[PDB]
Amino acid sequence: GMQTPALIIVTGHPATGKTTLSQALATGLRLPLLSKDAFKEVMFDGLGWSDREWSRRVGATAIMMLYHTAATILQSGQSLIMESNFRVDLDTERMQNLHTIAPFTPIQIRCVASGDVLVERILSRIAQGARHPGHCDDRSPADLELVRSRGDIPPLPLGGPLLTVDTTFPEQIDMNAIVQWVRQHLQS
């Protein structure tokens, strides 16, 4: 059909639950999922990894791949989910540029959690190796105090609906309710 496709943006600071949530949305809505960190990991596996500067350069490149791949999916009329710790200062204009070549209707989910919970997750994920080593995640005492005192990520000013999901206490999260929230908005 001629309908404008939906672009579901899942954002949040690192460790706020955006990975799990975006994956649940992909399974629940049967939609393609483009994740910055997943793209970075494909690149670390193909080109190698080293230090934080390389991680940053690979991340900037992964973000470029995310927008490139999104455009061709949206141009086919298919909806999709994009997940990253999006930055208002740079991603607002990237989303505008995307919209110009591949029109979409935005739906945004922002994940948040307490500093203490975020610090616990960052540490355990790195200790238990759930996190790819190439990311070279800043895990020093200063880094963790910055994580702890950061507050919630600002959402992208895209228009359209926004849901904020606090994952501080995961037991309180009803994933199907979140999927249904998106479905209702896709239906409109």
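Numbers for residues come from their place in the sequence shown, where the first is 1.
Could you check the entry and say whether 146-154 or 31-39 has the higher mean CA B-factor? The stretch with the larger mean CA B-factor is 146-154.
Is the mean CA B factor in the deposited entry higher across 159-167 or across 124-132? Going by the record's values, the stretch with the higher mean is 124-132.
Ranked against its chain, the third holding the CA B-factor of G115: It falls in the top third of the chain.
Where does the C-alpha B-factor of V10 rank in its chain, lowest, middle or highest third? Lowest third - that is where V10 ends up once the chain's C-alpha B-factors are sorted.
By the record's CA B-factor, is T20 among the lowest, middle or highest third of residues in the chain? It belongs to the highest third of the chain when residues are ordered by C-alpha B-factor.
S140 CA temperature factor, ranked by third within the chain: Ranked within chain, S140 CA B lands in the highest tercile.
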